[PDB]
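J.: Please read through the structure below; I'll follow up with questions.
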There are 2 protein chains.
Amino acid sequence: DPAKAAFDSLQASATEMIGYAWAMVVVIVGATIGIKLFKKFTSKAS
Amino acid sequence: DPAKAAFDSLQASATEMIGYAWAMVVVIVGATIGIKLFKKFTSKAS
């Protein structure tokens, strides 16, 4: 009874945090791959 | 015996009292174990 409510609130907080994490990852990985492709295509085009 | 009546009343009181004590212990122990398990499972799940 008091414990069910507690667990429910914890799960909700964790769901929001996973949401923020996905947002950050996208921006960092975007940059990394961007730079990689730039270096690659510039050199092949000569 | 002058004392026979006295002993019977003691017997009766003791029976009732044992009854009350069992009720209290259940409630206290319920709480204690409840809190313990909450702390344990929350941390393992995280």
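Here's how to read the names in the structure tokens: chain A, B, ... by the order shown, residue numbers from 1 in each chain, ligand numbers from 1 in the order shown.
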Go ahead and align chain B to chain A (same sequence, so just pair every C-alpha in order, least squares) and export the moved chain as a compact mmCIF listing (two decimals) with C-alpha atoms, in the first residue's frame.

T.:
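Saved to superposed.txt:
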# COMPACT_ATOMS: atom_id res chain seq x y z
CA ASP B 1 0.97 -0.69 1.10
CA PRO B 2 3.60 1.69 2.64
CA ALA B 3 5.88 1.07 -0.34
CA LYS B 4 3.33 1.46 -3.19
CA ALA B 5 3.70 5.27 -3.36
CA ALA B 6 7.51 4.93 -3.43
CA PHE B 7 7.46 2.62 -6.48
CA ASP B 8 5.27 5.04 -8.47
CA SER B 9 7.75 7.90 -8.02
CA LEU B 10 10.60 5.67 -9.26
CA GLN B 11 8.56 4.79 -12.40
CA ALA B 12 7.99 8.48 -13.19
CA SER B 13 11.64 9.51 -12.72
CA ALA B 14 12.85 6.66 -14.95
CA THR B 15 10.54 7.70 -17.79
CA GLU B 16 11.83 11.29 -17.73
CA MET B 17 15.47 10.19 -17.51
CA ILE B 18 15.18 7.91 -20.56
CA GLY B 19 13.91 11.03 -22.37
CA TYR B 20 16.99 13.13 -21.47
CA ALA B 21 19.47 10.38 -22.40
CA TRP B 22 18.09 10.11 -25.96
CA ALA B 23 18.62 13.86 -26.44
CA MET B 24 22.28 13.77 -25.37
CA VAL B 25 23.21 10.74 -27.48
CA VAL B 26 21.86 12.37 -30.65
CA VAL B 27 24.09 15.46 -30.21
CA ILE B 28 27.32 13.56 -29.42
CA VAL B 29 26.85 11.05 -32.27
CA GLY B 30 25.99 13.86 -34.71
CA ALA B 31 29.40 15.46 -34.03
CA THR B 32 31.41 12.22 -34.16
CA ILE B 33 29.97 11.10 -37.53
CA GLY B 34 30.18 14.64 -38.93
CA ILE B 35 33.93 14.87 -38.28
CA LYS B 36 34.52 11.35 -39.65
CA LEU B 37 32.81 12.12 -42.98
CA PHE B 38 34.59 15.50 -43.30
CA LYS B 39 38.01 13.83 -43.01
CA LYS B 40 37.02 11.10 -45.50
CA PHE B 41 35.53 13.16 -48.32
CA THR B 42 38.13 15.95 -48.17
CA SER B 43 40.92 13.44 -48.76
CA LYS B 44 39.16 11.60 -51.61
CA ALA B 45 38.36 14.88 -53.39
CA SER B 46 42.02 15.86 -53.09
